[PDB]
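As a starting point, one isolated chain is supplied in structure tokens, in the form deposited in one PDB entry.
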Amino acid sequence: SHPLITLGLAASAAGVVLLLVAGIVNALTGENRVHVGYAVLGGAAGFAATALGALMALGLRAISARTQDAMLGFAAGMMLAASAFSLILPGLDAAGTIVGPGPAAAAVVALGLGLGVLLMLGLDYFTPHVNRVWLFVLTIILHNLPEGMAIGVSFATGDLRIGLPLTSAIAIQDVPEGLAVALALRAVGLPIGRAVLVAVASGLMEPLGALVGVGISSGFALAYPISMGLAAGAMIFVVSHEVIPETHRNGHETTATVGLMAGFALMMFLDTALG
């Protein structure tokens, strides 16, 4: 019948629901702590940067494949580095305060990572790939939800040192993403204003994702490092499965790799400068 991916999806969605309900219940039993505010601001920055990129498509009505390969390589490189330096490693530091240090902390983050990958892997396998247009639009609007989620997760401590570099890196990555989303939507056949409209709307999952992110991470002390892994795993999958294969659209692999390494090193700079 079905692969174990279906069981992974079910257990990951159940885990997300359990984490999110634990968040709500705790938020219904605790008071006077800011940590929603920066997650909201960071998600709003994500929306605004995604809109800025999309609006550039109105004039730059198409770009060379070399530019696409460069742009999405840069986007991929930023988000792989951000998953490592701003999610996984601070998750291991956080889980090191509770059950670790040492591999007890790694088990908590690996539980996160597996849930994040199995969620996104399951969601992809339940796309059939009644039109490409509607399936692709649905895919696009949801695409930024793990980016919001990473924002809200990283800010769930209120810590500028963790959330600001990731949010800056996502915000910077959102401009290529929103532009490339808008131009892809045009190429599918939507009028450019309708394509740019949907691309702007895709940024609304970045605030909404940041609400989900601050939720799932708040219910209990280990829900934070679990959610750090979950956001990292969801991002890592989405980068490896959505973004990176679109960086080879006409074989400009050198251009794509220069973008990747530039984005990776830029994210390392952002964390070194803002952390």
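Whichever C-alpha set is largest while still superposing within 1.5 Å between the two forms counts as the rigid core. A residue's number is simply how far along the shown sequence it sits, counting from 1.
The same protein also exists as the form deposited in another entry; that form is not shown, yet it is the one meant from here on.
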Please find the residue from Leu113, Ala105, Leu80, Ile140 showing a Cα shift of 2 angstroms or more between the shown form and the other one, rigid core superposed. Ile140
Is_shifted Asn26 between the shown form and the other one (CA, 2 Å cut-off, rigid core): no
Can we say the CA of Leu190 moves by at least 2 Å between the shown form and the other one when the core is superposed? yes
Would you say whether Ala62 is displaced between the shown form and the other one, judging by a C-alpha shift of 2 Å or more on the superposed rigid core? yes
Out of closer and farther, which fits the Cα atoms of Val34 and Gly23 in the other form compared with this form, where the change is 3 Å or more? closer
Check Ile88 against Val34 at the C-alpha atoms and report closer or farther in the other form, compared with the shown form; the change is 3 Å or more. closer
